[PDB]
Amino acid sequence: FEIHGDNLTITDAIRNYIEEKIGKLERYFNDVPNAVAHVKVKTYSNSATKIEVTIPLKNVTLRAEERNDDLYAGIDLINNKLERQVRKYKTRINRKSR
Amino acid sequence: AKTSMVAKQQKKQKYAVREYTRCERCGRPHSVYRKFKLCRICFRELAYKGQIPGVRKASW
Amino acid sequence: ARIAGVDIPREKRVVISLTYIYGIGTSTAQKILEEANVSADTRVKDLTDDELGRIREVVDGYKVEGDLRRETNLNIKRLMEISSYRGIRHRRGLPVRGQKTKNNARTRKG
Amino acid sequence: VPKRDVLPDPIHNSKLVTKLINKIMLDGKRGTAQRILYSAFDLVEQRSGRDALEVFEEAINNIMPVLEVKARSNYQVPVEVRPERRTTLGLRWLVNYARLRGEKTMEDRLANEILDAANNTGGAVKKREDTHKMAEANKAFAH
Amino acid sequence: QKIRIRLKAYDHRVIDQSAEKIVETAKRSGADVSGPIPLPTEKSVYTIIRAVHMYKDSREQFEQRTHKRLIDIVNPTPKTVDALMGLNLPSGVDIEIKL
Amino acid sequence: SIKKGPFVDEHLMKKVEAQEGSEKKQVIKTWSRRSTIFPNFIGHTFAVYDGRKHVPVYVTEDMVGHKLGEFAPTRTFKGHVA
Amino acid sequence: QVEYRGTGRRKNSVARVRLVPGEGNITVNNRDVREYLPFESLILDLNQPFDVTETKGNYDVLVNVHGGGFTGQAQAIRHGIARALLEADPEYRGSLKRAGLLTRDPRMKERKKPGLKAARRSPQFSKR
RNA sequence: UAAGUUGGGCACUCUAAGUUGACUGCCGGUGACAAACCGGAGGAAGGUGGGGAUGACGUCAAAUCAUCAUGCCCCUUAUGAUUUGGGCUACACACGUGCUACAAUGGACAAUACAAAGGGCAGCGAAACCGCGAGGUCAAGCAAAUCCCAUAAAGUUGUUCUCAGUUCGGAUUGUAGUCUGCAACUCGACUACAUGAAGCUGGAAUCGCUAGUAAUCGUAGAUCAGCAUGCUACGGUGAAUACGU
């Protein structure tokens, strides 16, 4: 994922935080083809901390975003979304007769 | 900015070629033609004008 | 050895037999064989003593040698002696015209 | 929906050569395909010399199946083939095995294959076998 | 001894009807006129994108048209000259009076 | 390459004209991209404006696997970590 | 004598079929069909108009021709022939049209548009 | 005539503008007789013939203040403007996209057949001449249905190579040169000589395409002093599959 920051300079602190979080999804299933992160300071002028995230999946993908006061609140709030946006999928359950 | 560069491509030269044929109406240098000296987009605007003949369109 | 220099293959045509030596390509071989009026015909070393003298000597017209390796060594040695702004880019993967390193990891580097 | 017929063979007045040169016709190059195939009709009609159609028609009745399978949860059904698909797939494994001998010539691998296949041997008679071991093994739960 | 001409304008009606203007005024005071011998009338091409900053793949095309007309006349005389330079209008045509 | 053949800006050479007959100098500042070595420049020093600052290069004997336009490429360490 | 004649059109390849009573013989561009058109062993199909019309035959041939390659250029031969056979006898039109070969194939190449490159392949999407 | 070169003819093809033509139109059938649908005849073309243009209301606070313009803010001996040089291209690496190889369906070499489109004014530079070739000399013609650019490749005919990391392979680096530019070192392309890397069809995973399509081989054009594995346009060759949902 092109962890790029518009008007905010991605430190190693931020990269560590991010990747750390998505590691937790190895519960299901990782399977790590790619992942992206869009972060930006969009002045309102209360002015943001925007987070938009993208997950490419097996035979499909799931984007995810959210805004909040600061970067860490945006990464934590956008979490618990790209998990339930993922869970569930399958099973599906057998037939025919006849 | 381009404001002095307007004179740059109009100024004289030490020699033949450190020059360019930018657009007249616009100042976009790139994506221009030696036929009309117009940027990519003024041509679009004034092709819709049908100012010059001009044709336009869709017979290829 | 056999006829000339070092490491000649046996029962191989002239067309590439004269080329395994360090410094012959493919046209230069055709020239030197054209000089002794010899050609294979077809896949094989058919050579007797008859043409052996000319193929042993006409080969001497050039520095098809380790002296050509020596030529390389002494020339690059001339390069990196001086300052040298191209012996530095001699190590990056860059010839004297430039090659814009992004996917040149590579075969001139590891 | 129709299948864009080929008229006759202009060589011996058959047809399936034409259907077959086109399967050798890679890169849209016809003449080299036609070349190497008719050459194979020289080689196979030479070795144990005979007509084209003995080794050809026999061999392509030694590998050219009668039943195939298809999936549909996932239950693989044995199925009767439409004769265009039958002949189609016969020639499919014909060329697609012809390269798979791993040899040098344009034609020996071919003429070896059809000669061998007229004799009910090789991987094309084989895929007929194994295919018909998926047929009547899988009669039960999907027919 | 003959007269010849070349025409170039970018409308197919006006140019040939104008040919009928000068030809009518020509065989008025002359004759032996070659009819409107057509010519291939080639074109051009000009491609531009529907964009300003990005989106290159989504674009648009233009061209140019270029009519030529070959007309002649034989057994010349100063009357067909005045028929040449008498009535060319509309002036989108690019007459080239020659011999 | 060049059109038969080697050349000079015709001010730098006009400078070393004044430098080279007498007791030579060990100092020349310049810009020197459109000029290159040949055996009149010997025994002198040059310092070509790299793009930020000139730096000394003394003309040595067989400086022939080398030229005037550059001696320390302005990519300058490196540009790369390794 | 007499001679029939017609025109031919397909695949950017044009032919002025000149079809005369005779042995049945070809010199296209004053040059034989066979060595001229590589390879080619397909000329039964070029004589199938005789296999179906005034069968067997034969009538000798002449034709001037230019444009495109052998496929259309060998295939630009027929509709001038078969049309010249309508001009010979419209009776066989029932034997022709039930078998084609006087219907000139209206198909040809396409134009380009954004999407195409060196090989005529439209682009991929973003995987990963 | 070597040659449509000359005479002649526009007959043919060709050539650009108005014509006629395909509209379920004619018929047969199915059909609440209607709507329609299935079939058949002819016809060059039967089911909006094929494609092109045209893209509803609108979503994405989509994109662009660097096309142009501009609300507001800010600057103004500088947040403006002039010059020579650098740099925008560096690389332990990664992502995408394309290009080229991993070979006998082939590589090396000799002879030979076939297009479309389009550029040209001082630009297109014919022949001849020099040269290993890039190119250099000369100069006929020509604002083009003309003359030139420019010769098509795949292919066809043969010879050889005879399955090697090979005449595969073609990166690497050096040497010697041509063009342009005042200037080819960071940073132009190309020619001659040598050197010959990895690589034997690519793993999980993953992408496009329904017929002249895919696939493959060529051609020109712009952008231009110089310069396209890119883009646009042109053609050549040229199949497999489509049950069913």
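When segment B:18-60 is filtered for residues that are aromatic (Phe, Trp, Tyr) and surrounded by 12 or more Cβ atoms within 10 Å (Cβ to Cβ), the ones remaining, listed by number, are B:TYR33, B:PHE36, B:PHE43, B:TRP60.
If you go through segment F:9-30 and keep only what is surrounded by 15 or more Cβ atoms within 10 Å (Cβ to Cβ) and within 9 Å of RNA strand H (Cβ to nearest atom), you end up with just F:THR30. Only one entry of G:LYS113, G:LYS117, G:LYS127 meets the criterion of being within 6 Å of RNA strand H (Cβ to nearest atom), part of a loop (DSSP other than H, G, I, E, B) and within 14 Å of chain A (Cβ to nearest Cβ), and that entry is G:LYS127. Being more than 20 Å from G:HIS79 (Cβ to Cβ) and within 16 Å of RNA strand H (Cβ to nearest atom), is that true of even one residue in segment G:7-15? Within segment G:7-15, not a single residue is more than 20 Å from G:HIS79 (Cβ to Cβ) and within 16 Å of RNA strand H (Cβ to nearest atom).
F:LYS78 meets all of the listed conditions (1) more than 7 Å from RNA strand H (Cβ to nearest atom); (2) part of a loop (DSSP other than H, G, I, E, B); (3) within 13 Å of another protein chain (Cβ to nearest Cβ); (4) touching a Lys or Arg at 6+ places or on another chain (Cβ under 9 Å) but one, namely (1).
If you go through segment D:12-35 and pick out every residue that is out of contact with any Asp or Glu (no Cβ under 6 Å at 6 or more places or on another chain), within 10 Å of RNA strand H (Cβ to nearest atom) and at negative phi, you end up with 15.
Residue count for segment E:1-55, restricted to those that are assigned to a loop (DSSP other than H, G, I, E, B) and among the β-branched types (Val, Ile, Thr): 3.
Scanning segment C:31-52 for residues that are buried (at least 16 other Cβ atoms within 10 Å of the Cβ) and within 13 Å of RNA strand H (Cβ to nearest atom) gives C:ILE32, C:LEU33, C:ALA40.
Just one of (1) of a type in the set (D, E, K, R); (2) within 12 Å of RNA strand H (Cβ to nearest atom); (3) touching a helix residue (DSSP H, G or I) at 6+ places or on another chain (Cβ under 6 Å) fails for D:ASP116. It is (2). In the set D:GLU54, D:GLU84, D:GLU103, only one residue is more than 14 Å from every other protein chain (Cβ to nearest Cβ), part of a helix (DSSP H, G or I) and more than 30 Å from D:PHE141 (Cα to Cα); that residue is D:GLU54.
Look at (1) loosely packed, with under 14 Cβ neighbours inside 10 Å; (2) among the polar types (S, T, N, Q); (3) more than 14 Å from chain G (Cβ to nearest Cβ) and you find that A:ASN34 fails only one, number (3). Checking B:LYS11 against (1) more than 6 Å from RNA strand H (Cβ to nearest atom); (2) touching a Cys at 6+ places or on another chain (Cβ under 6 Å), only one condition comes out false. Which one? It is condition (2) that B:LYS11 fails. Within 12 Å of RNA strand H (Cβ to nearest atom), surrounded by 16 or more Cβ atoms within 10 Å (Cβ to Cβ) and within 26 Å of D:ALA33 (Cβ to Cβ): does that describe G:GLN48? No: the conditions fail for G:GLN48.
Taken over segment E:30-60, residues that are over 15 Å from the mean Cα position of the chain (by Cα), exposed (fewer than 15 other Cβ atoms within 10 Å of the Cβ), near RNA strand H (Cβ under 9 Å from one of its atoms) and of a type outside the set (A, V, I, L, M) amount to 9.
Checking the structure you have, find out if any residue of segment F:50-60 is over 27 Å from C:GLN99 (Cα atoms), assigned to a loop (DSSP other than H, G, I, E, B) and facing chain C (nearest Cβ under 9 Å). So far as segment F:50-60 goes, yes, one or more of its residues are over 27 Å from C:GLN99 (Cα atoms), assigned to a loop (DSSP other than H, G, I, E, B) and facing chain C (nearest Cβ under 9 Å).
Evaluated against (1) within 15 Å of F:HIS66 (Cα to Cα); (2) in a loop (DSSP other than H, G, I, E, B), F:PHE46 falls short on exactly one condition, (2). Scanning segment D:36-60 for residues that are among the acidic types (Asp, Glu) and either within 15 Å of D:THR87 (Cβ to Cβ) or touching an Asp or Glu at 6+ places or on another chain (Cβ under 8 Å) (or both) turns up D:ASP42, D:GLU45, D:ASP51, D:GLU57, D:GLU58.
Put simply, of C:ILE55, C:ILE76 the only residue that is within 20 Å of the chain's Cα centre (by Cα) and within 11 Å of RNA strand H (Cβ to nearest atom) is C:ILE76.
Selection over segment G:18-28 of residues that are surrounded by 15 or more Cβ atoms within 10 Å (Cβ to Cβ) and either of a type outside the set (A, V, I, L, M, F, W, C) or near RNA strand H (Cβ under 9 Å from one of its atoms) (or both) gives a count of 1. Quick one: how many residues across segment G:51-81 are more than 10 Å from RNA strand H (Cβ to nearest atom) and under 15 Å from the mean Cα position of the chain (by Cα)? Here the count works out to 6. The residues on offer are F:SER32, F:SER22, and the sole one that is within 14 Å of chain C (Cβ to nearest Cβ) and small (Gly, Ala, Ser) is F:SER32.
A short reminder: the numbers here are calculations on the coordinates, not readings from a lab. Reconstructed Cβ throughout: ideal geometry from the backbone, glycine too, with neighbour counts over all protein chains shown.
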